[PDB]
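**Q** So that you have it, the file is coords-v7.cif, and it contains mmCIF, C-alpha atoms and all ligand atoms:
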```
data_my_file
loop_
_atom_site.label_atom_id
_atom_site.label_comp_id
_atom_site.auth_asym_id
_atom_site.auth_seq_id
_atom_site.Cartn_x
_atom_site.Cartn_y
_atom_site.Cartn_z
CA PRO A 1 4.17 -1.25 -0.16
CA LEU A 2 1.22 -3.67 -0.35
CA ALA A 3 -1.34 -2.91 -3.11
CA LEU A 4 -4.67 -4.64 -3.90
CA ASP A 5 -6.47 -4.90 -7.26
CA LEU A 6 -10.01 -3.95 -6.23
CA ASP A 7 -11.97 -4.17 -9.53
CA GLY A 8 -10.30 -7.32 -10.90
CA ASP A 9 -7.98 -6.35 -13.80
CA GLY A 10 -4.57 -6.21 -12.04
CA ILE A 11 -2.72 -3.47 -10.13
CA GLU A 12 -2.17 -0.13 -11.91
CA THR A 13 -0.59 3.25 -11.21
CA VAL A 14 -0.72 7.05 -11.70
CA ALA A 15 1.80 9.87 -11.12
CA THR A 16 1.97 13.42 -9.68
CA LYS A 17 4.36 16.37 -10.07
CA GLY A 18 4.42 19.94 -8.74
CA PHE A 19 1.42 20.09 -6.40
CA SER A 20 0.43 16.71 -4.89
CA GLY A 21 3.93 15.27 -5.48
CA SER A 22 7.58 15.86 -6.39
CA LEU A 23 8.41 19.54 -6.97
CA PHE A 24 10.08 19.82 -10.42
CA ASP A 25 10.72 23.56 -10.90
CA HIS A 26 14.09 24.31 -12.53
CA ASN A 27 14.05 27.91 -11.21
CA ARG A 28 13.64 26.91 -7.54
CA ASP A 29 15.76 23.74 -7.66
CA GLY A 30 15.61 21.40 -10.68
CA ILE A 31 13.51 18.83 -12.56
CA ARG A 32 12.86 15.81 -10.29
CA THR A 33 11.39 12.30 -10.60
CA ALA A 34 7.56 12.21 -10.45
CA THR A 35 5.80 10.61 -7.47
CA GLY A 36 3.85 7.41 -8.22
CA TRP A 37 0.69 5.98 -6.59
CA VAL A 38 -2.04 3.36 -7.15
CA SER A 39 -5.03 4.10 -9.41
CA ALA A 40 -8.35 5.59 -8.29
CA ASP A 41 -9.79 2.08 -8.81
CA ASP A 42 -7.30 0.25 -6.54
CA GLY A 43 -5.85 0.68 -3.01
CA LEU A 44 -3.06 0.12 -0.47
CA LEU A 45 -3.10 -2.05 2.68
CA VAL A 46 -2.69 -0.02 5.90
CA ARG A 47 -3.07 0.03 9.71
CA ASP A 48 -3.57 3.10 11.94
CA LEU A 49 -1.24 2.63 14.93
CA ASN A 50 -2.17 5.72 17.03
CA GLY A 51 -5.95 5.91 16.48
CA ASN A 52 -6.07 9.31 14.71
CA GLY A 53 -8.09 7.84 11.79
CA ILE A 54 -5.38 8.51 9.16
CA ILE A 55 -2.11 7.13 7.73
CA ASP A 56 0.77 9.43 8.68
CA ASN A 57 3.69 7.33 10.06
CA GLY A 58 6.18 5.11 8.22
CA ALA A 59 4.97 1.89 9.93
CA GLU A 60 1.28 2.41 9.03
CA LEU A 61 1.67 1.44 5.35
CA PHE A 62 2.79 -2.19 4.99
CA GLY A 63 6.20 -2.54 3.32
CA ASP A 64 10.01 -2.73 3.80
CA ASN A 65 9.77 -0.22 6.72
CA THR A 66 7.41 -2.09 9.10
CA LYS A 67 8.92 -3.81 12.17
CA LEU A 68 8.62 -7.43 13.34
CA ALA A 69 7.94 -8.61 16.92
CA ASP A 70 11.59 -8.23 18.06
CA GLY A 71 11.81 -4.75 16.46
CA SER A 72 13.83 -5.84 13.39
CA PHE A 73 12.68 -4.35 10.06
CA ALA A 74 10.72 -6.54 7.61
CA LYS A 75 12.37 -7.33 4.24
CA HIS A 76 9.16 -6.72 2.25
CA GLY A 77 5.43 -6.04 2.73
CA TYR A 78 4.63 -9.78 2.86
CA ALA A 79 6.98 -10.29 5.84
CA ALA A 80 5.40 -7.21 7.47
CA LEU A 81 1.86 -8.61 7.00
CA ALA A 82 2.79 -12.21 7.93
CA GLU A 83 3.31 -11.05 11.54
CA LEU A 84 -0.51 -10.74 11.82
CA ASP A 85 -1.42 -14.40 11.17
CA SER A 86 -2.54 -15.67 14.60
CA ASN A 87 -2.85 -19.46 14.08
CA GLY A 88 -0.28 -20.43 11.40
CA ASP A 89 -2.54 -21.15 8.41
CA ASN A 90 -0.59 -18.67 6.20
CA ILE A 91 -3.64 -16.47 5.50
CA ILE A 92 -4.97 -13.24 7.06
CA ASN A 93 -8.69 -13.79 7.78
CA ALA A 94 -11.42 -12.62 10.21
CA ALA A 95 -10.42 -15.18 12.89
CA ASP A 96 -7.12 -13.25 13.21
CA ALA A 97 -7.69 -10.35 15.64
CA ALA A 98 -5.68 -8.01 13.40
CA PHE A 99 -8.24 -8.44 10.56
CA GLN A 100 -10.60 -6.08 12.40
CA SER A 101 -7.70 -3.58 12.67
CA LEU A 102 -6.52 -3.64 9.02
CA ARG A 103 -7.76 -1.04 6.51
CA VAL A 104 -7.45 -0.19 2.81
CA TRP A 105 -6.42 3.34 1.73
CA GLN A 106 -8.00 4.67 -1.47
CA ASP A 107 -6.50 8.14 -1.94
CA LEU A 108 -9.02 10.28 -3.85
CA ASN A 109 -6.48 12.75 -5.31
CA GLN A 110 -3.53 10.28 -5.28
CA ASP A 111 -1.18 12.60 -3.38
CA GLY A 112 -0.52 9.92 -0.73
CA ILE A 113 -1.45 12.35 2.08
CA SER A 114 -4.18 10.80 4.21
CA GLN A 115 -7.71 11.94 5.08
CA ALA A 116 -10.15 9.85 7.11
CA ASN A 117 -12.69 9.28 4.28
CA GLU A 118 -9.91 7.68 2.19
CA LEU A 119 -9.66 4.71 4.60
CA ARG A 120 -12.04 1.72 4.27
CA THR A 121 -12.59 -1.55 6.19
CA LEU A 122 -12.02 -5.06 4.83
CA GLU A 123 -15.68 -5.95 5.49
CA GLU A 124 -17.13 -2.98 3.55
CA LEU A 125 -14.93 -3.98 0.59
CA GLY A 126 -16.33 -7.54 0.84
CA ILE A 127 -12.93 -9.12 1.71
CA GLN A 128 -12.77 -12.65 3.16
CA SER A 129 -8.98 -13.15 3.40
CA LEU A 130 -5.52 -12.13 2.15
CA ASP A 131 -2.97 -14.75 1.03
CA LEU A 132 0.61 -14.76 2.38
CA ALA A 133 1.84 -16.99 -0.48
CA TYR A 134 3.51 -15.12 -3.36
CA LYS A 135 5.67 -15.27 -6.50
CA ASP A 136 8.26 -12.72 -7.69
CA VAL A 137 7.30 -10.80 -10.84
CA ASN A 138 9.35 -7.54 -11.01
CA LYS A 139 6.68 -6.06 -13.32
CA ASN A 140 6.87 -2.41 -14.48
CA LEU A 141 3.42 -0.80 -14.16
CA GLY A 142 4.24 2.76 -15.33
CA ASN A 143 5.81 6.09 -14.27
CA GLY A 144 8.64 4.27 -12.44
CA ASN A 145 6.37 2.00 -10.35
CA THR A 146 7.29 -1.71 -10.22
CA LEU A 147 5.39 -4.66 -8.72
CA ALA A 148 8.05 -6.78 -6.97
CA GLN A 149 6.00 -9.82 -5.87
CA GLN A 150 2.38 -10.95 -6.33
CA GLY A 151 -0.20 -13.22 -4.67
CA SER A 152 -3.98 -13.20 -4.08
CA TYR A 153 -6.78 -12.05 -1.82
CA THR A 154 -10.30 -13.52 -1.58
CA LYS A 155 -13.75 -11.87 -1.46
CA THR A 156 -16.77 -13.08 0.56
CA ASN A 157 -18.58 -14.27 -2.59
CA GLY A 158 -15.68 -16.79 -2.95
CA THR A 159 -13.91 -14.97 -5.82
CA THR A 160 -10.16 -14.17 -5.93
CA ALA A 161 -8.22 -11.03 -6.97
CA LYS A 162 -4.57 -9.91 -7.15
CA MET A 163 -2.42 -8.23 -4.54
CA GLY A 164 1.34 -7.60 -4.27
CA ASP A 165 4.23 -5.51 -2.94
CA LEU A 166 4.49 -2.42 -5.14
CA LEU A 167 7.62 -0.24 -5.41
CA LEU A 168 6.40 3.37 -5.57
CA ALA A 169 8.07 6.15 -7.58
CA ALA A 170 9.70 9.18 -5.92
CA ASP A 171 12.63 11.61 -6.23
CA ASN A 172 15.77 10.44 -4.40
CA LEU A 173 16.09 13.70 -2.40
CA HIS A 174 12.82 13.12 -0.48
CA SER A 175 11.80 9.49 -1.23
CA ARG A 176 8.18 10.46 -0.34
CA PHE A 177 8.44 9.28 3.28
CA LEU A 178 5.49 9.54 5.71
CA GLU A 179 7.11 12.27 7.84
CA CA B 201 -7.34 -2.50 -11.07
CA CA B 202 -1.95 7.38 12.29
CA CA B 203 -5.07 -16.95 9.95
CA CA B 204 -5.34 12.35 -0.25
#
```
Represent the structure from my file as structure tokens, please.
Ligand SMILES: [Ca+2]
Ligand SMILES: [Ca+2]
Ligand SMILES: [Ca+2]
Ligand SMILES: [Ca+2]
**A**
Amino acid sequence: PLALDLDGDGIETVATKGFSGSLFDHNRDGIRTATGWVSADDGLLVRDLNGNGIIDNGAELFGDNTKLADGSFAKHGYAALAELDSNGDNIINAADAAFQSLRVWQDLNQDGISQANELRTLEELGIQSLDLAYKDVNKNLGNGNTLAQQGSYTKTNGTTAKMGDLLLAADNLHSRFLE
């Protein structure tokens, strides 16, 4: 899923187990792989698709589960976001009508379970545009999380920062889906 470096030092991750994550009790079941998320400094790119103010469905977090205009699945979060360029300039910017509809999720306990205060606008974060151009990196960040591909986004002061499609850690019995 698409992650943004908000403070300007690259994308970074944390992990949860027991409460707020993968259950790992040997008595109940077994030890299981810890659930990974973005730092309390950074965030994920999202869109609320039913207007309930929160992220709770598998299409609402941009990644290899979002659908294209014909209803085919996107191959990665960049292909999922590229659908929202209106004019064919290969950037997502305020002249695209979807720019007003995009949000960033900063989860304040990093459980990846959404509350309305955890969502933010692009304009309040000072964002000018997101780039659709990328390069593959396959970079391990920590606790099983891996950045697959990386590009940029731009802030209204004219400065650039990193974004990319981040593979998030989970146990293979639940895969942390937005049920
Ligand atoms: Ca950062
Ligand atoms: Ca929703
Ligand atoms: Ca555009
Ligand atoms: Ca939360």
**Q** If the limit is 7 Å from any atom of ligand CA 202 (chain B), counting all atoms listed in the file, which residues qualify? Return them as a list in words.
**A**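 The residues near ligand CA 202 (chain B) are residues 48, 49, 50, 51, 52, 53, 54, 55, 56, 57 and 60 of chain A.
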**Q** Grab the residues selected above and save them as an mmCIF file, in the coordinates of the input with C-alpha atoms.
**A**
```cif
data_model
loop_
_atom_site.group_PDB
_atom_site.id
_atom_site.type_symbol
_atom_site.label_atom_id
_atom_site.label_comp_id
_atom_site.auth_asym_id
_atom_site.auth_seq_id
_atom_site.Cartn_x
_atom_site.Cartn_y
_atom_site.Cartn_z
ATOM 1 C CA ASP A 48 -3.570 3.100 11.940
ATOM 2 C CA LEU A 49 -1.240 2.630 14.930
ATOM 3 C CA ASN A 50 -2.170 5.720 17.030
ATOM 4 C CA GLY A 51 -5.950 5.910 16.480
ATOM 5 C CA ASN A 52 -6.070 9.310 14.710
ATOM 6 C CA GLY A 53 -8.090 7.840 11.790
ATOM 7 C CA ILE A 54 -5.380 8.510 9.160
ATOM 8 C CA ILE A 55 -2.110 7.130 7.730
ATOM 9 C CA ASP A 56 0.770 9.430 8.680
ATOM 10 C CA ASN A 57 3.690 7.330 10.060
ATOM 11 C CA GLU A 60 1.280 2.410 9.030
#
```
**Q** Do you have the CA of residue 144 (chain A)-CA of residue 172 (chain A) distance handy?
**A**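 If I compute the distance from CA of residue 144 (chain A) to CA of residue 172 (chain A), I get 12.4 Å.
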**Q** Counting only C-alpha atoms and all ligand atoms, which protein, DNA or RNA residues come within 8 Å of ligand CA 201 (chain B), given as a PDB file with C-alpha atoms, in the frame of the given file?
**A**
```pdb
ATOM      1  CA  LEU A   4      -4.670  -4.640  -3.900  1.00  0.00           C
ATOM      2  CA  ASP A   5      -6.470  -4.900  -7.260  1.00  0.00           C
ATOM      3  CA  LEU A   6     -10.010  -3.950  -6.230  1.00  0.00           C
ATOM      4  CA  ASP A   7     -11.970  -4.170  -9.530  1.00  0.00           C
ATOM      5  CA  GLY A   8     -10.300  -7.320 -10.900  1.00  0.00           C
ATOM      6  CA  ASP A   9      -7.980  -6.350 -13.800  1.00  0.00           C
ATOM      7  CA  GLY A  10      -4.570  -6.210 -12.040  1.00  0.00           C
ATOM      8  CA  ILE A  11      -2.720  -3.470 -10.130  1.00  0.00           C
ATOM      9  CA  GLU A  12      -2.170  -0.130 -11.910  1.00  0.00           C
ATOM     10  CA  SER A  39      -5.030   4.100  -9.410  1.00  0.00           C
ATOM     11  CA  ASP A  41      -9.790   2.080  -8.810  1.00  0.00           C
ATOM     12  CA  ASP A  42      -7.300   0.250  -6.540  1.00  0.00           C
TER      13      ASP A  42
END
```
**Q** Contacts between ligand CA 204 (chain B) and chain A, please, where a residue of chain A counts if it comes within 9 Å (with only C-alpha atoms and all ligand atoms); show its shortest atom pair and distance in Å to one decimal, rows by chain and ascending number, as JSON lines.
**A**
```
{"residue": "A:20", "atom": "CA", "partner": "B:CA204", "partner_atom": "CA", "distance": 8.6}
{"residue": "A:106", "atom": "CA", "partner": "B:CA204", "partner_atom": "CA", "distance": 8.2}
{"residue": "A:107", "atom": "CA", "partner": "B:CA204", "partner_atom": "CA", "distance": 4.7}
{"residue": "A:108", "atom": "CA", "partner": "B:CA204", "partner_atom": "CA", "distance": 5.5}
{"residue": "A:109", "atom": "CA", "partner": "B:CA204", "partner_atom": "CA", "distance": 5.2}
{"residue": "A:110", "atom": "CA", "partner": "B:CA204", "partner_atom": "CA", "distance": 5.7}
{"residue": "A:111", "atom": "CA", "partner": "B:CA204", "partner_atom": "CA", "distance": 5.2}
{"residue": "A:112", "atom": "CA", "partner": "B:CA204", "partner_atom": "CA", "distance": 5.4}
{"residue": "A:113", "atom": "CA", "partner": "B:CA204", "partner_atom": "CA", "distance": 4.5}
{"residue": "A:114", "atom": "CA", "partner": "B:CA204", "partner_atom": "CA", "distance": 4.9}
{"residue": "A:115", "atom": "CA", "partner": "B:CA204", "partner_atom": "CA", "distance": 5.8}
{"residue": "A:118", "atom": "CA", "partner": "B:CA204", "partner_atom": "CA", "distance": 7.0}
```
**Q** Can you work out which one of A:36, A:2, A:66, A:131 has the shortest atom-to-atom distance to ligand CA 203 (chain B), counting all atoms listed in the file?
**A**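 Nearest to ligand CA 203 (chain B): A:131.
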**Q** Please give me, as a VMD selection string, the residues lying within 10 Å of ligand CA 203 (chain B) when counting all atoms listed in the file.
**A** chain A and resid 82 84 to 99 129 to 132
**Q** Box time for region 135-143 of chain A: axis-aligned, enclosing all its listed atoms, 3 Å extra on each side; report centre and edge lengths in Å to one decimal, as AutoDock Vina command-line options.
**A**
```
--center_x 6.4 --center_y -4.6 --center_z -10.9 --size_x 11.9 --size_y 27.4 --size_z 14.8
```
**Q** If we count only C-alpha atoms and set the cut-off at 9 Å, which residues sit around residue 169 (chain A), ignoring sequence neighbours fewer than 2 positions away in its own chain? Please answer as a PDB file with C-alpha atoms, in the coordinates of the input.
**A**
```pdb
ATOM      1  CA  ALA A  15       1.800   9.870 -11.120  1.00  0.00           C
ATOM      2  CA  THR A  33      11.390  12.300 -10.600  1.00  0.00           C
ATOM      3  CA  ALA A  34       7.560  12.210 -10.450  1.00  0.00           C
ATOM      4  CA  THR A  35       5.800  10.610  -7.470  1.00  0.00           C
ATOM      5  CA  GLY A  36       3.850   7.410  -8.220  1.00  0.00           C
ATOM      6  CA  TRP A  37       0.690   5.980  -6.590  1.00  0.00           C
ATOM      7  CA  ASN A 143       5.810   6.090 -14.270  1.00  0.00           C
ATOM      8  CA  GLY A 144       8.640   4.270 -12.440  1.00  0.00           C
ATOM      9  CA  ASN A 145       6.370   2.000 -10.350  1.00  0.00           C
ATOM     10  CA  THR A 146       7.290  -1.710 -10.220  1.00  0.00           C
ATOM     11  CA  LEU A 167       7.620  -0.240  -5.410  1.00  0.00           C
ATOM     12  CA  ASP A 171      12.630  11.610  -6.230  1.00  0.00           C
ATOM     13  CA  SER A 175      11.800   9.490  -1.230  1.00  0.00           C
ATOM     14  CA  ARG A 176       8.180  10.460  -0.340  1.00  0.00           C
TER      15      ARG A 176
END
```
**Q** Could you check which of A:44, A:141, A:74, A:104 is closest to residue 124 (chain A), using only C-alpha atoms?
**A** A:104
**Q** For the point (5.2, 0.3, -3.6) in the file's frame, write as a ChimeraX atom specification all residues with an atom no more than 6 Å away, counting all atoms listed in the file.
**A** /A:1,165-168
**Q** Report, in Å with one decimal, the straight-line distance from CA of residue 142 (chain A) to CA of residue 21 (chain A).
**A** 15.9 Å
**Q** Do you have the CA of residue 105 (chain A)-CA of residue 153 (chain A) distance handy?
**A**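 Result for CA of residue 105 (chain A) versus CA of residue 153 (chain A): 15.8 Å, one decimal.
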**Q** Looking at A:163, A:125, A:178, A:137, which one is nearest to residue 58 (chain A), with distances taken over only C-alpha atoms?
**A** A:178
**Q** Around the point (4.2, -13.5, -3.9), in the coordinates given by the file, pick out the residues reaching within 7 Å, counting all atoms listed in the file, and return them as a VMD selection string.
**A** chain A and resid 133 to 136 149 to 151 164
